[PDB]
$ cat run00.cif   # mmCIF, C-alpha atoms and all ligand atoms
data_query
loop_
_atom_site.label_atom_id
_atom_site.label_comp_id
_atom_site.auth_asym_id
_atom_site.auth_seq_id
_atom_site.Cartn_x
_atom_site.Cartn_y
_atom_site.Cartn_z
CA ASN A 1 -1.93 13.15 -0.54
CA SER A 2 1.16 11.03 0.06
CA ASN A 3 4.22 11.79 -2.17
CA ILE A 4 5.22 8.12 -2.40
CA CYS A 5 3.44 5.08 -3.82
CA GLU A 6 1.51 3.17 -1.19
CA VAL A 7 2.60 -0.24 -2.55
CA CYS A 8 6.34 0.28 -3.45
CA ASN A 9 7.16 3.34 -1.28
CA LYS A 10 8.90 5.18 -4.20
CA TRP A 11 8.22 8.58 -5.76
CA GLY A 12 7.47 8.89 -9.49
CA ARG A 13 4.38 9.44 -11.69
CA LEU A 14 1.71 9.10 -8.99
CA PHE A 15 -2.14 9.06 -9.13
CA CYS A 16 -3.81 10.42 -6.03
CA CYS A 17 -6.87 8.98 -4.35
CA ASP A 18 -9.73 11.55 -4.02
CA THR A 19 -11.17 9.97 -0.88
CA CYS A 20 -8.05 9.14 1.13
CA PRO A 21 -4.54 10.44 1.10
CA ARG A 22 -2.92 7.41 -0.65
CA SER A 23 -1.14 7.53 -3.96
CA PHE A 24 -0.12 4.96 -6.54
CA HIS A 25 1.95 4.30 -9.56
CA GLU A 26 -0.29 3.24 -12.38
CA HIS A 27 0.70 -0.47 -12.39
CA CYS A 28 1.24 -0.70 -8.63
CA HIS A 29 -2.48 -0.18 -7.98
CA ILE A 30 -4.61 -3.24 -8.73
CA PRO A 31 -6.57 -2.99 -11.00
CA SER A 32 -4.26 -0.53 -12.93
CA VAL A 33 -5.31 3.03 -12.24
CA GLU A 34 -8.29 3.81 -14.43
CA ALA A 35 -7.89 6.20 -17.48
CA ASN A 36 -10.46 8.87 -16.61
CA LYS A 37 -12.82 8.89 -13.51
CA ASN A 38 -12.92 12.20 -11.59
CA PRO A 39 -13.22 11.66 -8.72
CA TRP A 40 -11.25 8.38 -8.39
CA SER A 41 -11.25 6.22 -5.31
CA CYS A 42 -8.46 3.63 -4.71
CA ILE A 43 -8.96 -0.02 -3.80
CA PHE A 44 -8.56 0.69 -0.10
CA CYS A 45 -11.57 3.13 -0.26
CA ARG A 46 -13.62 0.73 -2.44
CA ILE A 47 -13.04 -2.11 0.03
CA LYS A 48 -14.01 0.16 2.94
CA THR A 49 -17.22 1.05 1.13
CA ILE A 50 -18.23 -2.65 0.81
CA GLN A 51 -17.75 -3.02 4.57
CA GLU A 52 -19.79 0.11 5.34
CA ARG A 53 -22.66 -0.82 3.06
CA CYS A 54 -22.80 -4.32 4.69
CA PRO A 55 -21.50 -4.27 8.26
CA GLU A 56 -22.51 -7.89 8.79
CA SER A 57 -19.87 -8.80 6.12
CA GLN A 58 -17.36 -8.48 8.98
CA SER A 59 -18.86 -11.29 11.04
CA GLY A 60 -16.76 -14.46 11.07
CA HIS A 61 -16.81 -16.85 8.14
CA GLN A 62 -15.59 -20.37 7.55
CA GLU A 63 -12.69 -20.58 5.03
CA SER A 64 -14.39 -23.47 3.22
CA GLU A 65 -17.44 -21.25 2.50
CA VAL A 66 -15.25 -18.33 1.37
CA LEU A 67 -13.25 -20.51 -1.06
CA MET A 68 -16.44 -21.73 -2.84
CA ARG A 69 -17.74 -18.23 -3.56
CA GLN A 70 -18.09 -17.31 -7.17
CA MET A 71 -15.89 -14.50 -8.37
CA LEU A 72 -18.64 -11.86 -8.67
CA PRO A 73 -17.49 -8.19 -8.64
CA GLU A 74 -17.08 -7.86 -4.90
CA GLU A 75 -15.04 -11.14 -4.55
CA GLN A 76 -12.97 -10.11 -7.58
CA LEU A 77 -12.19 -6.81 -5.81
CA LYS A 78 -11.35 -8.51 -2.53
CA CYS A 79 -8.87 -10.86 -4.32
CA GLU A 80 -7.31 -7.84 -6.12
CA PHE A 81 -6.88 -6.08 -2.79
CA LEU A 82 -5.39 -9.18 -1.13
CA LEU A 83 -2.91 -9.47 -4.04
CA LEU A 84 -2.08 -5.82 -3.58
CA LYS A 85 -1.40 -6.36 0.12
CA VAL A 86 1.23 -9.01 -0.72
CA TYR A 87 2.91 -6.67 -3.26
CA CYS A 88 3.02 -4.04 -0.47
CA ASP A 89 5.68 -6.13 1.34
CA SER A 90 9.16 -5.55 -0.14
CA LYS A 91 9.92 -9.30 0.09
CA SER A 92 7.25 -9.86 -2.59
CA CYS A 93 10.07 -8.98 -5.15
CA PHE A 94 11.26 -12.60 -4.76
CA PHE A 95 7.93 -13.99 -5.94
CA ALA A 96 6.87 -11.35 -8.51
CA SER A 97 8.42 -12.58 -11.74
CA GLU A 98 8.76 -16.01 -13.31
CA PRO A 99 11.23 -18.14 -11.38
CA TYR A 100 13.69 -20.76 -12.66
CA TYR A 101 15.14 -23.77 -10.95
CA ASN A 102 18.72 -25.11 -11.16
CA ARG A 103 20.05 -26.04 -7.75
CA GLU A 104 22.15 -29.09 -6.86
CA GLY A 105 19.96 -31.62 -5.08
CA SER A 106 16.56 -30.08 -5.93
CA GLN A 107 14.08 -30.45 -8.71
CA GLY A 108 11.84 -27.60 -9.87
CA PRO A 109 8.11 -27.65 -9.11
CA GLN A 110 5.61 -29.32 -11.45
CA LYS A 111 3.56 -26.11 -11.61
CA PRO A 112 5.54 -22.92 -11.19
CA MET A 113 3.54 -19.87 -10.07
CA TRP A 114 4.40 -16.25 -9.44
CA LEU A 115 2.61 -13.01 -8.45
CA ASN A 116 2.63 -11.43 -11.91
CA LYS A 117 1.00 -14.49 -13.33
CA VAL A 118 -1.77 -14.30 -10.69
CA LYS A 119 -2.10 -10.59 -11.49
CA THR A 120 -2.68 -11.35 -15.18
CA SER A 121 -5.04 -14.17 -14.36
CA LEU A 122 -7.17 -11.84 -12.26
CA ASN A 123 -7.07 -9.15 -14.94
CA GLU A 124 -8.22 -11.62 -17.60
CA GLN A 125 -11.04 -13.01 -15.28
CA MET A 126 -9.60 -16.52 -15.35
CA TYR A 127 -10.71 -17.39 -11.83
CA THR A 128 -14.38 -18.46 -11.41
CA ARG A 129 -14.18 -18.97 -7.63
CA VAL A 130 -12.06 -17.52 -4.76
CA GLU A 131 -10.59 -20.98 -4.42
CA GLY A 132 -8.75 -20.66 -7.79
CA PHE A 133 -6.99 -17.49 -6.70
CA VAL A 134 -6.20 -18.73 -3.20
CA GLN A 135 -4.76 -22.07 -4.51
CA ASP A 136 -2.39 -20.28 -6.91
CA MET A 137 -1.25 -17.81 -4.18
CA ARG A 138 -0.58 -20.69 -1.76
CA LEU A 139 1.22 -22.65 -4.46
CA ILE A 140 3.78 -19.84 -4.83
CA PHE A 141 4.98 -20.31 -1.30
CA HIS A 142 4.62 -24.07 -1.19
CA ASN A 143 6.82 -24.43 -4.33
CA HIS A 144 9.41 -22.20 -2.70
CA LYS A 145 9.52 -24.17 0.57
CA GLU A 146 9.83 -27.45 -1.28
CA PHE A 147 12.63 -26.27 -3.64
CA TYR A 148 14.81 -24.49 -1.10
CA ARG A 149 14.57 -27.37 1.41
CA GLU A 150 17.02 -26.60 4.26
CA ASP A 151 18.55 -23.43 2.85
CA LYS A 152 17.63 -20.59 5.10
CA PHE A 153 16.20 -18.87 1.99
CA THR A 154 13.12 -20.99 2.60
CA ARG A 155 12.16 -18.52 5.29
CA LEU A 156 11.28 -15.87 2.70
CA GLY A 157 8.44 -18.14 1.58
CA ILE A 158 7.24 -18.45 5.19
CA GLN A 159 7.38 -14.72 5.75
CA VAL A 160 5.48 -13.77 2.64
CA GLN A 161 2.96 -16.55 3.12
CA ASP A 162 2.26 -15.13 6.63
CA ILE A 163 1.47 -11.75 5.04
CA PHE A 164 -0.84 -13.41 2.60
CA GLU A 165 -2.64 -15.48 5.24
CA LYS A 166 -3.20 -12.63 7.72
CA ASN A 167 -4.55 -10.38 5.02
CA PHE A 168 -6.72 -13.22 3.70
CA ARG A 169 -8.24 -13.68 7.18
CA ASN A 170 -8.81 -9.89 7.54
CA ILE A 171 -10.23 -9.22 4.10
CA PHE A 172 -12.57 -12.13 3.97
CA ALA A 173 -13.43 -11.88 7.68
CA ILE A 174 -12.50 -15.45 8.52
CA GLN A 175 -13.76 -16.52 11.99
CA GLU A 176 -11.03 -16.01 14.56
CA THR A 177 -9.72 -19.21 16.22
CA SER A 178 -6.97 -20.54 18.51
ZN ZN B 1 4.61 1.92 -6.82
ZN ZN B 2 -8.32 5.85 -1.22
ZN ZN B 3 -26.74 -4.89 5.03
#
$ encode --input "run00.cif" --output "structure tokens"
Amino acid sequence: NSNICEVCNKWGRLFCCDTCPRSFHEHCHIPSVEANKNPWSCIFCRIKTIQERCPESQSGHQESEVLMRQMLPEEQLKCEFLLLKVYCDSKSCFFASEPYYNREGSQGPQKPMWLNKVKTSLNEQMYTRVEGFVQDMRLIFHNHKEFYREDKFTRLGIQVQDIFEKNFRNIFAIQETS
């Protein structure tokens, strides 16, 4: 196994996957690494298993259909994985914890949102459809873009949103388009 966490790239108290060489800190893995379970498979392995059991799941889908799916176990897992993929980018540190807004010439968003809040929401099964999760994730970046206006710091929102969107397309097998 790897000697650094797959999500944060640091050493520490790591849990090793039994079916791939990845490792995780306890709260870096989503869901948090499970108490017992021997063997244990990580979220990357569990997502690969879904794909292997249903190869047709990789044919193209329409986003509108994906957003209306109910959050049954497999869609719950896919949202957890997609959240994990955003945390894997180091620039996610800007969007992880609860923000605050006091900048000359800007007003804070009406509905602040951050990655830890989405993490808790998923953990507490607060989303009933994929749409709920996706709307909150997109809100994070939209709030950022709107608040930082012309400051070049707005680009962080663009960059992390691009990571989100690419992984969303991959994980939910959205039909490729030009
Ligand atoms: Zn970590
Ligand atoms: Zn694994
Ligand atoms: Zn099948």
$ closest_residue --input "run00.cif" --among "A:124, A:98, A:151, A:136" --to "residue 76 (chain A)" --atoms "only C-alpha atoms"
A:124
$ residues_near_ligand --input "run00.cif" --ligand "ligand ZN 1 (chain B)" --cutoff "9 Å" --atoms "only C-alpha atoms and all ligand atoms" --output "list in words"
residues 4, 5, 6, 7, 8, 9, 10, 11, 12, 13, 14, 23, 24, 25, 26, 27, 28, 29 and 88 of chain A
$ residues_near_ligand --input "run00.cif" --ligand "ligand ZN 2 (chain B)" --cutoff "12 Å" --atoms "all atoms listed in the file" --output "PyMOL selection string"
chain A and resi 1-2+6+15-24+29+33+39-49
$ residues_near_ligand --input "run00.cif" --ligand "ligand ZN 3 (chain B)" --cutoff "7 Å" --atoms "only C-alpha atoms and all ligand atoms" --output "PDB file with C-alpha atoms, in the frame of the given file"
ATOM      1  CA  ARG A  53     -22.660  -0.820   3.060  1.00  0.00           C
ATOM      2  CA  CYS A  54     -22.800  -4.320   4.690  1.00  0.00           C
ATOM      3  CA  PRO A  55     -21.500  -4.270   8.260  1.00  0.00           C
ATOM      4  CA  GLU A  56     -22.510  -7.890   8.790  1.00  0.00           C
TER       5      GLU A  56
END
$ closest_residue --input "run00.cif" --among "A:147, A:172, A:164, A:153" --to "residue 105 (chain A)" --atoms "all atoms listed in the file"
A:147
$ closest_residue --input "run00.cif" --among "A:104, A:89, A:146, A:176" --to "residue 163 (chain A)" --atoms "only C-alpha atoms"
A:89
$ closest_residue --input "run00.cif" --among "A:137, A:3, A:123, A:69" --to "residue 32 (chain A)" --atoms "only C-alpha atoms"
A:123
$ atom_distance --input "run00.cif" --atom1 "CA of residue 160 (chain A)" --atom2 "CA of residue 34 (chain A)"
28.1 Å
$ residues_near_point --input "run00.cif" --point "(2.3, -25.3, -0.1)" --cutoff "12 Å" --atoms "all atoms listed in the file" --output "number ranges by chain"
A: 109, 111-113, 134-147, 154, 157-158, 161
$ atom_distance --input "run00.cif" --atom1 "CA of residue 35 (chain A)" --atom2 "CA of residue 115 (chain A)"
23.7 Å
$ closest_residue --input "run00.cif" --among "A:51, A:57, A:36, A:128" --to "residue 173 (chain A)" --atoms "all atoms listed in the file"
A:57
$ atom_distance --input "run00.cif" --atom1 "CA of residue 125 (chain A)" --atom2 "CA of residue 75 (chain A)"
11.6 Å
$ build_atoms --input "run00.cif" --residues "region 40-63 of chain A" --atoms "N, CA and C atoms" --output "JSON list (two decimals), keeping the file's coordinate frame"
[["chain", "number", "residue", "atom", "x", "y", "z"],
["A", 40, "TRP", "N", -11.71, 9.77, -8.44],
["A", 40, "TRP", "CA", -11.25, 8.38, -8.39],
["A", 40, "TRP", "C", -11.02, 7.97, -6.93],
["A", 41, "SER", "N", -11.51, 6.79, -6.59],
["A", 41, "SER", "CA", -11.25, 6.22, -5.31],
["A", 41, "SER", "C", -10.38, 4.92, -5.54],
["A", 42, "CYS", "N", -9.38, 4.77, -4.71],
["A", 42, "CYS", "CA", -8.46, 3.63, -4.71],
["A", 42, "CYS", "C", -9.15, 2.41, -4.11],
["A", 43, "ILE", "N", -8.46, 1.29, -4.19],
["A", 43, "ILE", "CA", -8.96, -0.02, -3.80],
["A", 43, "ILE", "C", -9.17, -0.08, -2.31],
["A", 44, "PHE", "N", -8.39, 0.68, -1.51],
["A", 44, "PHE", "CA", -8.56, 0.69, -0.10],
["A", 44, "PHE", "C", -9.95, 1.34, 0.23],
["A", 45, "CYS", "N", -10.25, 2.46, -0.42],
["A", 45, "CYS", "CA", -11.57, 3.13, -0.26],
["A", 45, "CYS", "C", -12.74, 2.24, -0.74],
["A", 46, "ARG", "N", -12.57, 1.58, -1.89],
["A", 46, "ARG", "CA", -13.62, 0.73, -2.44],
["A", 46, "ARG", "C", -13.90, -0.45, -1.53],
["A", 47, "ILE", "N", -12.86, -1.03, -0.92],
["A", 47, "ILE", "CA", -13.04, -2.11, 0.03],
["A", 47, "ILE", "C", -13.72, -1.59, 1.30],
["A", 48, "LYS", "N", -13.37, -0.40, 1.73],
["A", 48, "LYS", "CA", -14.01, 0.16, 2.94],
["A", 48, "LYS", "C", -15.49, 0.39, 2.68],
["A", 49, "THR", "N", -15.84, 0.89, 1.50],
["A", 49, "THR", "CA", -17.22, 1.05, 1.13],
["A", 49, "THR", "C", -18.08, -0.23, 1.20],
["A", 50, "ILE", "N", -17.55, -1.35, 0.73],
["A", 50, "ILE", "CA", -18.23, -2.65, 0.81],
["A", 50, "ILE", "C", -18.58, -2.94, 2.26],
["A", 51, "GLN", "N", -17.58, -2.82, 3.13],
["A", 51, "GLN", "CA", -17.75, -3.02, 4.57],
["A", 51, "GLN", "C", -18.81, -2.14, 5.22],
["A", 52, "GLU", "N", -18.85, -0.88, 4.80],
["A", 52, "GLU", "CA", -19.79, 0.11, 5.34],
["A", 52, "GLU", "C", -21.24, -0.11, 4.85],
["A", 53, "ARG", "N", -21.38, -0.41, 3.58],
["A", 53, "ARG", "CA", -22.66, -0.82, 3.06],
["A", 53, "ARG", "C", -23.18, -2.12, 3.65],
["A", 54, "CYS", "N", -22.32, -3.04, 4.13],
["A", 54, "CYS", "CA", -22.80, -4.32, 4.69],
["A", 54, "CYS", "C", -21.99, -4.71, 5.90],
["A", 55, "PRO", "N", -22.28, -4.05, 7.05],
["A", 55, "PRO", "CA", -21.50, -4.27, 8.26],
["A", 55, "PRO", "C", -21.41, -5.72, 8.71],
["A", 56, "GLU", "N", -22.46, -6.48, 8.42],
["A", 56, "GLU", "CA", -22.51, -7.89, 8.79],
["A", 56, "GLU", "C", -21.48, -8.73, 8.01],
["A", 57, "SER", "N", -20.94, -8.16, 6.91],
["A", 57, "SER", "CA", -19.87, -8.80, 6.12],
["A", 57, "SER", "C", -18.61, -9.00, 6.95],
["A", 58, "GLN", "N", -18.48, -8.31, 8.09],
["A", 58, "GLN", "CA", -17.36, -8.48, 8.98],
["A", 58, "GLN", "C", -17.53, -9.51, 10.04],
["A", 59, "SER", "N", -18.72, -10.12, 10.16],
["A", 59, "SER", "CA", -18.86, -11.29, 11.04],
["A", 59, "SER", "C", -18.04, -12.46, 10.51],
["A", 60, "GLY", "N", -17.66, -13.36, 11.40],
["A", 60, "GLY", "CA", -16.76, -14.46, 11.07],
["A", 60, "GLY", "C", -17.32, -15.39, 10.02],
["A", 61, "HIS", "N", -16.44, -15.87, 9.12],
["A", 61, "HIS", "CA", -16.81, -16.85, 8.14],
["A", 61, "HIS", "C", -15.90, -18.07, 8.26],
["A", 62, "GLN", "N", -16.38, -19.17, 7.71],
["A", 62, "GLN", "CA", -15.59, -20.37, 7.55],
["A", 62, "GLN", "C", -14.81, -20.26, 6.24],
["A", 63, "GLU", "N", -13.52, -20.59, 6.26],
["A", 63, "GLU", "CA", -12.69, -20.58, 5.03],
["A", 63, "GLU", "C", -13.30, -21.40, 3.92]]
